[PDB]
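> my complex, first installment, coordinates as in the assembly:
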Amino acid sequence: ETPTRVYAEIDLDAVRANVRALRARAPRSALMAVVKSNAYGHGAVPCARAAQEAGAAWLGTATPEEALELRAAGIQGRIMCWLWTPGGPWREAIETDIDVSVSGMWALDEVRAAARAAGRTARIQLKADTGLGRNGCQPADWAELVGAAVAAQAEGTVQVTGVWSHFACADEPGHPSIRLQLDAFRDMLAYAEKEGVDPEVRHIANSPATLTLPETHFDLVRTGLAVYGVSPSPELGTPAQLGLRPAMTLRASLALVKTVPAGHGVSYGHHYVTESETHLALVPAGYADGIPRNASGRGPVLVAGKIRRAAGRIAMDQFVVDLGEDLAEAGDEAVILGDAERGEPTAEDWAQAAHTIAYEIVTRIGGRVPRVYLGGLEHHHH
């Protein structure tokens, strides 16, 4: 009933509260909850269901499989996926009524042929590369793509339901690239409208833009991270300041507590040495579980009413902590990350420790780690 090694407790109520907090931030726009990568490590279906119930009108995933998984779980409503490769399940996605993004001619031709076999009109969204340089259509190819799209629409094969883009530095407030991208978007959106595209939705904002630039809202805001109670960056503030509540709490049970003499080496490479006769504790969770190895010696953990730092190298499935004089016993609970409001270490605390960003921390929590759900409605977790 309760994992005895390490587990992730997901508060579905924090999720519902967050999308409401976020919906109030962009009152004029609709909210798309991005649940890609297993809902950033929190569990795709349960979180998708919870977000929807709290007001999310759109669901967004990266791959078709992720979107199809949502459908197979009986989730209804608008869903969109944008990461496609030649040969993907165009037919299956069209038949399940999922909005697919198009960034190249190759994509448009595969969806057109698939809409035929399916015998239905595919809802496509044109992505413009306004400067990120990742996916999307470059300005110099936009004209051609927009034309091919309105033509495919005429043939009744597809129907352009949206025009969108994505920011590269929205998490860095006041970055010059932000404005440059927004203008490029406006100008590219305009050209599409004049040439014949009448989209249902116009969107470009992610979590950081949604929280900072209301001029980026438009018809839809694509919020991923903020929905799970984690702030895109310390620059924007803490989840507390943003009015967000962390949904994930990673817990582990101590596997051992013992006394060691001064001068004793701890873990691989012996990068840590006891300063005196002290009590060492073994946390049974390592990098294969999602604890970044790069956080060796820095990672914060709450054990015996005090924050402890990872003693030495973090291993594949465990790492040790120095309890100093304090005492604890095997089976005692240790909190690796949770709510700063409860005096626990947080996702950002670990991002700093591992020299990375909070995004990677929560998302990289291993499948080996069981998830336990609280809050939301009973049928949300299944």
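Arrived safely. Numbering: from 1, shown residues only, chains lettered A, B, ... in the order given.
> domain map for chain A?
The record's domain parsing of chain A by curated CATH domains lists A:1-11+A:247-382, A:12-227.
> tabulate those (CSV), appending mean neighbour count and distance to residue A:236.
To be clear about C-beta, it is placed using only N, CA and C from the backbone, and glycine gets the same treatment. Output for those, formatted as CSV (neighbours: other CB atoms under 10 Å; distance: least, CB to CB, whole Å):
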stretch, mean neighbour count, distance to residue A:236
domain A:1-11+A:247-382, 18, 11
domain A:12-227, 20, 6
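> make TSV out of the ones you listed and add distance to residue A:238.
What follows is the domains of chain A, written out as TSV (distance: least, CB to CB, whole Å):
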stretch	distance to residue A:238
domain A:1-11+A:247-382	7
domain A:12-227	12
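> next, residue A:4: secondary structure please.
Three-state call for residue A:4 (DSSP: H, G, I helix; E, B strand; the rest coil): coil.
> which strand residues bridge the residue lying closest to residue A:104 once chain neighbours are set aside?
Excluding the flanking residues, the one nearest residue A:104 by CB to CB, 6 or more residues apart in numbering is residue A:137, at 6.9 Å. Note on residue A:137: beta-bridge partners residue A:128, judged by DSSP bridges.
> max-length helix in chain A?
As assigned by DSSP state H, the longest helix anywhere in chain A is helix A:176-194.
> helix or strand right after it?
Next along the chain after helix A:176-194, taking DSSP states H and E as the criterion, comes strand A:201-203.
> got the contact list for the helix or strand following that next one?
Counting by DSSP H and E, the next helix or strand C-terminal to strand A:201-203 is helix A:207-212. Residues from elsewhere that reach helix A:207-212, judged by CB atoms under 8 Å, 6 or more residues apart in numbering: A:22, A:25-26, A:167, A:170-171, A:173, A:178, A:216-217, A:221-227, A:232-233, A:236, A:242.
> and if we set it to 10 Å?
Helix A:207-212 has contacts (CB atoms under 10 Å, 6 or more residues apart in numbering) with A:22, A:25-26, A:29, A:31, A:34, A:166-167, A:169-174, A:178, A:181-182, A:205, A:215-217, A:221-228, A:230-233, A:235-237, A:242-244, A:359.
> figure out how far it is from the centre of its chain.
14 Å (CA atoms, centre = their mean, to the nearest Å).
> please apply the same query to stretch A:75-88.
The answer for stretch A:75-88 is 16 Å, by CA atoms, centre = their mean.
> for stretch A:82-98, same thing?
How far stretch A:82-98 lies from its chain's middle: 21 Å, per CA atoms, centre = their mean.
> straight-line length of it, end to end?
Start-to-end span of stretch A:82-98 (CA to CA, to the nearest Å) is 11 Å.
> here's chain B, drop it on:
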Amino acid sequence: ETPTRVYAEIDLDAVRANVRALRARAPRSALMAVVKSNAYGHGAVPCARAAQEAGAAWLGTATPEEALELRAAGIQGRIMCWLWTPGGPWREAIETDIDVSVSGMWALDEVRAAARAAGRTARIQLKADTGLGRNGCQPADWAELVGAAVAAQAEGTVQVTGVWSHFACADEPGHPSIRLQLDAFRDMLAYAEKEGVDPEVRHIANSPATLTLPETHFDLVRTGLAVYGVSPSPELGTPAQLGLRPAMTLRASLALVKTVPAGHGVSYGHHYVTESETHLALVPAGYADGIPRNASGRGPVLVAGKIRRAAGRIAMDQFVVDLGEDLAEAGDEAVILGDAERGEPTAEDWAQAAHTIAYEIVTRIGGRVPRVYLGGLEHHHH
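Let me add chain B to what's already shown:
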């Protein structure tokens, strides 16, 4: 039938060849194939089956669940797990005939009580903390533990089948700690034997020790990493020099190829800027898939017959590469890691790029990534 985004191809024949290569390294000792953490990211059951067939007499996992999963898949033979927490499935493991490690009195008492309910004798192995400072019994507590064990044996509740330890710096050839640990092991092993313990197996070596110190072989060698064709460290040499063959090859299909002008920013933070009008390619695999974000700008990838470096920041599910003048098209295959013998980038190549160790690279490949099996016997993959 074939993943169109990103997938891991596991050569089961490389696995069989490796355990044979390794068995020849320690002719006098028995080989335990460590398949913990989903066989270091290669797939626990298929790899466990293959290794066994090639000569592995023992199977080793960290958690009871991992070991129980092996049993539930019909795998027969000796299995051992060492990472336990109070409340674990002692009974279930005893009933499935799995050797459990004991490092504290608390563990001994839980197994004794469980052997009663089970109505059988539990095969336990005493772990000595010879200097690693992780799990195991500290020298100052050894006497007491050994006594409690021989007493529990008398009561017919348990049966000490082994005495073992683990190295902290065996991957660093000529490290002083290695010898110090080996001597501590010999002396601790002796005391156990005199006091009444007659073990089936005596072991302390991991992959690096097995390949370097034949005096650490004893009755059993616990080889994990080397079994998958990856070398514990560049110091020990390359898989080629060690006579090992890499079992994993990570492949991805290009999702887009487009032309961008000079001075264009690429990915989040705009940490990369095109030097000239060039061709950018989008690799649909990111850190949520196991591509370390810390390898941003350094990660090697084979595309269009040439090694390319990750252009800018690596995202959650994708990253871009600069093809310069070369040309490729969506759907073209890119190799992220494979066999250095085939001119492909390797696990170590990525460890360097991400400032980590090859161990973390293969093990952290996401569950989102499908595994495809080749070689071995047809029933191996199921």
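> with chain B now part of the structure, what is the answer for the contacts of helix A:207-212?
With contact meaning CB atoms under 10 Å, 6 or more residues apart in numbering or on different chains, helix A:207-212 is reached by A:22, A:25-26, A:29, A:31, A:34, A:166-167, A:169-174, A:178, A:181-182, A:205, A:215-217, A:221-228, A:230-233, A:235-237, A:242-244, A:359.
> packing partners for the longest helix of chain A?
Applying 3 or more CB pairs under 10 Å, 6 or more residues apart in numbering or on different chains; DSSP states H and E, we find helix A:176-194 packed against strand A:122-127, helix A:139-154, strand A:158-164, strand A:201-203, helix A:207-212, strand B:265-266.
> could I get those in TSV, plus columns for distance to residue B:348?
As requested, those are exported to TSV (distance: least, CB to CB, whole Å):
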stretch	distance to residue B:348
strand A:122-127	37
helix A:139-154	39
strand A:158-164	40
strand A:201-203	42
helix A:207-212	36
strand B:265-266	26
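> return the nearest residue of the stretch 251-382 of chain A with respect to chain B.
Ranked by CB to the nearest CB, the top residue of the stretch 251-382 of chain A for proximity to chain B is residue A:331, at 3.3 Å.
> which ones are touching that residue?
Contacts of residue A:331 (CB under 10 Å, 6+ apart): A:4, A:253, A:254, A:255, A:256, A:257, B:85, B:86, B:87, B:106.
> from residue A:254, how far out is it?
Distance, residue A:331 to residue A:254, using CB to CB, to the nearest Å: 6 Å.
> who touches both of these two?
Here residue A:331 and residue A:254 have B:85, B:86 as joint contacts, going by CB under 10 Å, 6+ apart.
> ok, which of the helices and strands packed on helix A:176-194 comes nearest residue B:50?
Residue B:50 lies closest to strand B:265-266 among the helices and strands packed on helix A:176-194, at 41.2 Å (CB to CB).
> which helices and strands does that closest one pack with?
For strand B:265-266, the elements it packs on are helix A:176-194, strand B:272-273, strand B:319-324, judged by 3+ CB pairs under 10 Å, 6+ apart.
> list the strands paired with it, with their directions.
Strand B:265-266 is paired, per DSSP bridges, with strand B:272-273 (antiparallel).
> picking that back up, just the contacts of residue A:331 now: which is nearest residue A:382?
For those, the minimum distance to residue A:382 (CB to CB) is 23.2 Å, reached by residue A:4.
> contacting residues for that closest one?
Going by CB under 10 Å, 6+ apart, residue A:4 touches A:252-253, A:255, A:284, A:331, B:63-65, B:84-89.
> kindly report the same for residue A:220.
Residues near residue A:220 by CB under 10 Å, 6+ apart: A:26, A:29-32, A:57-58, A:60, A:78, A:80, A:162, A:164, A:200-205.
> again, 7 Å this time
With contact set as CB atoms under 7 Å, 6 or more residues apart in numbering or on different chains, residue A:220 has these partners: A:29, A:30, A:32, A:58, A:201, A:203.
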